[PDB]
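Protein chains in written order, with UniProt numbering: chain A, 424 to 472; chain B, 770 to 819; chain C, 671 to 769; chain D, 869 to 967; chain E, 820 to 868; chain F, 275 to 324; chain G, 394 to 442; chain H, 473 to 522; chain I, 639 to 736; chain J, 572 to 621. For reference, the structure is listed below as structure tokens.
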Amino acid sequence: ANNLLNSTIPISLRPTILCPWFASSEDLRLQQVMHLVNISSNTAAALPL
Amino acid sequence: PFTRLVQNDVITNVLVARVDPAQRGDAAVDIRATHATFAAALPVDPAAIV
Amino acid sequence: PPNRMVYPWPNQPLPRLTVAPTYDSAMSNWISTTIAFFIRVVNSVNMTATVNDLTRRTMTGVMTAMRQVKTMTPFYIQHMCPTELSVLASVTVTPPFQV
Amino acid sequence: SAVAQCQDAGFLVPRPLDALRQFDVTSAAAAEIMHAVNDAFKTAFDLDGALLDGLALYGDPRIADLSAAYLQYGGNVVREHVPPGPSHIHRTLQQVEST
Amino acid sequence: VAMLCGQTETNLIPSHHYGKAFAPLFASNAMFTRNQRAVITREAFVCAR
Amino acid sequence: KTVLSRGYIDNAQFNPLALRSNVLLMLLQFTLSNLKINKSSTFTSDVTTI
Amino acid sequence: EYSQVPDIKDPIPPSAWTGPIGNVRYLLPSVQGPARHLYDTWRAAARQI
Amino acid sequence: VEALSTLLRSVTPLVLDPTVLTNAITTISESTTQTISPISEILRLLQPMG
Amino acid sequence: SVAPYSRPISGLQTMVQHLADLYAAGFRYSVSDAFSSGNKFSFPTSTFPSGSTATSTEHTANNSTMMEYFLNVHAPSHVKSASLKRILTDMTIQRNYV
Amino acid sequence: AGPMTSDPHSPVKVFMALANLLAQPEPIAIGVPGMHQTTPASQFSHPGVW
């Protein structure tokens, strides 16, 4: 958010949390390319974006 | 990249390939002959822009 | 000469159907070079009277698509068709007539 | 990996099962294998949208590889490659095959 | 079109397919009748000449 | 009979020439079917003689 | 007047449609001919709308 | 020529199917009143000849 | 078939969903002619309403579309006379058909 | 409104737009043969025609 909506967390024990929510850029780069492969390269692809 | 008035730097094509050209032996060929091309354009109106 | 037949294309025995013979055939070469040539044709400066940028890319995309799609026809011509012609000529009632 | 192993020395993958016979190596077989894998993952993880599709657009997964580039009128090219990152399941599968 | 669409079958064994397809072709006798007719043509030609 | 089998071989047969592919695909399903987490559960002491 | 129904000399085969979207079916890309032309034209106009 | 051609078609393992080709092309073109003359020949090409 | 699911669709598409349902069901008219005697009834038909100028738009659109395809695609692929082909080409609806 | 668009050829199109109106009193040279100062400005969509 470009440092807008600054927020922070409390400071206490969080024993058993797990948040598998992330990936490397290569994953993102790969997915982006894959996304570009599964479209008709005419205007039909661009317009929704 | 946004090029500006540089004739030699005008980007004519954006390309993507589904296969490795080296396997096909296309290693020395024009890139346009080996990669797919995007083609989409939107006809905006100057009057609204102004 | 007797027991012989001529053929417009080069011919070779039937290999394993792996990737290399799929794309190395003379006919495939003819297709690849030809489409490559017409691509720089349509992108020539002279086409501007009719071909705007959008059309130019559109035509380009069509040609490269035609070039990229797999086809076994060139392989069949170079490695399998001569076998079929050879056997058929031996049984048709009218023998081949060639120059 | 799966498509490569059915081929002969395709890409640069390990081949623990190479002792087993696999006669057909045609592109049709590769497409069928890729569809099988694509369906398997979609089922296992309950995916919804298109996944791994479009690679068979030209109909030969045996040489499937991703890359992007753009060209300038001056003749310069960029040719950016997009290789996959390291994977866990792939390494796991090798142990299964070896076992 | 034929040059560009060259699909092939899934379990293609050239030996099996060719042998299966060529076997009926040798059930004919036209090959021999051709020879016989040619021989008669020769004798007719020579005598006519 | 995952692949290369359906319209080609009898129900009672198996395709000896496509064995490596079918074996590989079977193992793949084996792998995917086990992608889970070994969650814990209730432990108790044993008060019996055993 | 209303007892008339048009007679189509080459009906669209049922295998030319995709799976349903609740009521409608999209047209398969592999299908060509005048129907394809009609489909694209209306689709393009729908996009603009 | 006719007899030989019929025999060849009846004996070859080759299969002619313009499906993948149509799919690839249709990802680029569209049959609309605009951009029709540029692609008219392509439509003629892909038209089912029987 | 392997990955069915449900997703939202815009109101326009919802309109189409119902509109297609109606068209497939066919229009259901009810006749109540007064000149005849005690004979009102109802029967459905696929005949488009076409009661006023609001129908001219749809028919004119389809009319133009089929004609354009005929001129540019069907006719050149099918006609025989070379002279006809020569003159049939270089012709388009926007300056040859209304 | 020229700069607001992403088209690389927009500056030339802008320049030729005025050049069309001034073809009578103020002539200039056009490089590629077959193109004239009265050519529709929107056709200048190729880096080689600047």
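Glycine included, C-beta positions come from ideal geometry on N, C-alpha and C.
Query raised in the report: Under the rule that 16 or more other beta-carbon atoms within 10 Å means buried, what is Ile-434(A), buried or exposed?
Result: The residue labelled residue 434(A) in the question sits at position 11 within the first sequence. By the neighbour-count rule (16 or more Cβ atoms within 10 Å), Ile-434(A) is not buried but exposed.
Query raised in the report: Which value, in whole angstroms, describes the spacing of the CA atoms of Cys-824(E) and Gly-927(D)?
Result: For this step, residue 824(E) is matched to residue 5 along the fifth sequence. For this step, residue 927(D) is matched to residue 59 along the fourth sequence. Their Cα atoms are separated by approximately 11 Å.
Query raised in the report: Residues in the stretch 282 to 303 of chain F with C-beta within 8 Å of chain D's C-beta atoms, listed in sequence order?
Result: Listed by position, the residues of the stretch 282 to 303 of chain F near chain D (Cβ gap below 8 Å) are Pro-290, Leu-291, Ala-292, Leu-293, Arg-294, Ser-295, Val-297, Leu-298, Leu-299, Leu-301, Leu-302, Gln-303.
Query raised in the report: Does the beta carbon of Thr-827(E) come closer than 8 Å to any beta carbon on chain K?
Result: Absent here is chain K; the protein component of the structure consists of chains A, B, C, D, E, F, G, H, I and J.
Requested in this report: Give the interface partners of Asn-830(E) over in chain F, defined as CB-CB distance under 7 Å, in chain order.
Outcome: Within the fifth sequence, residue 830(E) is the residue found at index 11, counting from 1. Correct list: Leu-278, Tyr-282.
Query raised in the report: Does the separation of the CB atoms of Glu-965(D) and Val-277(F) fall below 8 Å?
Result: Here residue 965(D) is taken as the residue at index 97 of the fourth sequence, counted from 1. Here residue 277(F) is taken as the residue at index 3 of the sixth sequence, counted from 1. Not a contact, by the Cβ cut-off of 8 Å.
Query raised in the report: Which whole-angstrom value is the C-beta distance of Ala-932(D) and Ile-800(B), which I expect to be below 8 Å?
Result: Within the fourth sequence, the letter at position 64 stands for residue 932(D). Within the second sequence, the letter at position 31 stands for residue 800(B). By a beta-carbon distance limit of 8 Å, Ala-932(D) does not contact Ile-800(B). Their separation comes to about 18 Å.
Report task. Flag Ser-715(I) as yes if its beta-carbon sits less than 8 Å from any beta-carbon of chain H, otherwise no. Result -> Against the ninth sequence, residue 715(I) aligns to sequence position 77. So yes, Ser-715(I) belongs to the interface.
**Report entry** Residues in the stretch 776 to 787 of chain B having any Cβ partner in chain D nearer than 7 Å
**Finding:** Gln-776, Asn-777, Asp-778, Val-779, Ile-780, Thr-781, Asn-782, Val-783, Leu-784, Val-785, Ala-786, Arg-787
**Report entry** Cβ-based neighbour list, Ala-802(B), same chain, cut-off 8 Å, excluding 5 preceding and 5 following
**Finding:** Along the second sequence, read from residue 1 onward, the residue named residue 802(B) stands at position 33. Contacts found: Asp-795.
Query raised in the report: List, in order along the chain, the chain G residues whose C-beta lies closer than 7 Å to that of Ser-482(H)?
Result: Counting from one through the eighth sequence, the residue named residue 482(H) turns up at place 10. Neighbours of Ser-482(H) on chain G: none; closest Cβ ~26 Å, over 7 Å.
Query raised in the report: Roughly how many angstroms lie between the CA atoms of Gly-415(G) and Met-653(I), to the nearest whole one?
Result: Walking along the seventh sequence from the start, residue 415(G) turns up at place 22. Walking along the ninth sequence from the start, residue 653(I) turns up at place 15. Cα to Cα, the separation comes out at about 13 Å.
Query - Pairwise C-alpha distance: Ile-705(C) and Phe-304(F) - result: Numbered from its first residue, the sixth sequence carries residue 304(F) at position 30. Numbered from its first residue, the third sequence carries residue 705(C) at position 35. Answer to the nearest angstrom: the Cα atoms are 46 Å apart.
Query raised in the report: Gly-426(G) and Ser-639(I): beta carbons closer than 8 Å?
Result: Here residue 426(G) corresponds to residue number 33 of the seventh sequence, with the count starting at 1. Here residue 639(I) corresponds to residue number 1 of the ninth sequence, with the count starting at 1. Not closer than 8 Å, so no.
Report task. Could you list which residues in chain J have their beta carbon closer than 9 Å to that of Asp-723(C), in chain order? Result -> Working through the third sequence from its first residue, we reach residue 723(C) at position 53. What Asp-723(C) touches in chain J: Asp-578, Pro-579, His-580, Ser-616, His-617.
Query raised in the report: Helix or strand or just coil, what does DSSP make of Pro-471(A)?
Result: What you label residue 471(A) is simply residue 48 of the first sequence in a count that begins at 1. Note: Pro-471(A) maps to coil in three-state DSSP.
Query raised in the report: Using the beta-carbon of each residue, which ones in chain D are nearer than 8 Å to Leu-453(A)?
Result: The count along the first sequence starts at 1 and reaches residue 453(A) at position 30. By Cβ distance, chain D contributes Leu-934, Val-950, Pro-952, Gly-953.
Query raised in the report: Exposed or buried, which one is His-617(J) when buried takes at least 16 other CB atoms within 10 Å?
Result: On the tenth sequence, position 46 is the one that residue 617(J) refers to. With 16 or more other Cβ atoms within 10 Å, it is buried.
Query raised in the report: Touch check for the stretch 649 to 666 of chain I and the stretch 679 to 696 of chain I: three-plus C-beta pairs under 8 Å?
Result: yes
Query - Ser-895(D) beta carbon less than 8 Å from that of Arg-930(D) - result: In the fourth sequence, counting from the first residue as 1, residue 930(D) sits at position 62. In the fourth sequence, counting from the first residue as 1, residue 895(D) sits at position 27. Going by C-beta atoms, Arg-930(D) is nearer than 8 Å to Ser-895(D).
Requested in this report: Would you please verify whether the beta carbon of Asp-799(B) is less than 8 Å from any beta carbon of chain C?
Outcome: Taking the first residue of the second sequence as 1, we reach residue 799(B) at position 30. Cβ-Cβ to chain C under 8 Å: yes for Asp-799(B).
Requested in this report: Show which residues of chain D have a CB atom less than 7 Å away from the CB atom of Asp-789(B).
Outcome: Stepping through the second sequence from its first residue, residue 789(B) is reached at position 20. Chain D residues near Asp-789(B): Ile-931, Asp-933.
Report task. Give the straight-line distance between the Cα atoms of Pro-490(H) and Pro-520(H), rounded to the nearest whole angstrom. Result -> Position 18 of the eighth sequence, counting from 1, holds the residue named residue 490(H). Position 48 of the eighth sequence, counting from 1, holds the residue named residue 520(H). Computed Cα separation, rounded: 9 Å.
**Report entry** Proximity of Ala-809(B) and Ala-468(A) at Cβ, strictly below 8 Å
**Finding:** As a first step, residue 809(B) is located in the second sequence; it is residue number 40 there, counting from the start. As a first step, residue 468(A) is located in the first sequence; it is residue number 45 there, counting from the start. Taking the C-beta atoms as reference points, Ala-468(A) is found nearer than 8 Å to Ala-809(B).
Query - Any non-hydrogen atom of the ligand FMN closer than 7 Å to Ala-719(C) Cβ - result: The ligand FMN is not part of the structure shown, which contains no ligands of any sort.
Query raised in the report: In three-state DSSP terms, what is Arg-666(I)?
Result: In the ninth sequence, residue 666(I) corresponds to position 28, counting from 1. Residue state, collapsed to three classes: strand.
Query raised in the report: In chain H, which residues lie less than 8 Å from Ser-447(A) when you measure between Cβ atoms?
Result: The residue given as residue 447(A) occupies position 24 in the first sequence. Per Cβ cutoff of 8 Å: no residues; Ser-447(A) is ~30 Å from chain H at best.
Requested in this report: Compare the Cα-Cα distances from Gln-748(C) to each of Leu-758(C), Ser-760(C), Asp-694(C) and report the closest residue.
Outcome: Within the third sequence, residue 748(C) is the residue found at index 78, counting from 1. Answer by Cα proximity: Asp-694(C).
**Report entry** For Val-456(A), the three-state DSSP class (helix, strand or coil)
**Finding:** For the purposes of this step, residue 456(A) is identified with residue 33 of the first sequence, where counting begins at 1. In the three-state reduction of the DSSP assignment, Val-456(A) falls in the helix class.
Requested in this report: Determine the extent of the beta strand (DSSP E) in which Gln-940(D) is found, giving its start and end residues.
Outcome: The sequence position of residue 940(D) within the fourth sequence is 72, counting from 1. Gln-940(D) -> beta strand (DSSP E) spans 932 to 940.
Requested in this report: Over the uninterrupted alpha helix (DSSP H) stretch that includes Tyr-746(C), give me the two end residues.
Outcome: Residue 746(C) sits at position 76 when you count from the first residue of the third sequence. 743 to 749 is the span of the alpha helix (DSSP H), which, as asked, contains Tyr-746(C).
Query raised in the report: Can you list the beta strand (DSSP E) stretches of 3 or more residues lying completely in the stretch 394 to 419 of chain G, in chain order?
Result: 410 to 413
**Report entry** In chain order, each alpha helix (DSSP H) run of at least 4 residues that lies wholly inside the stretch 703 to 727 of chain I
**Finding:** Runs of the alpha helix (DSSP H) inside the stretch 703 to 727 of chain I: 713 to 716, 720 to 726.
Query raised in the report: My guess is that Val-456(A) and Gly-922(D) are in contact by the Cβ rule of under 8 Å, so how many angstroms apart are they, rounded?
Result: Translated into the one-based positions of the first sequence, residue 456(A) becomes position 33. Translated into the one-based positions of the fourth sequence, residue 922(D) becomes position 54. Not confirmed; about 11 Å, so no contact.
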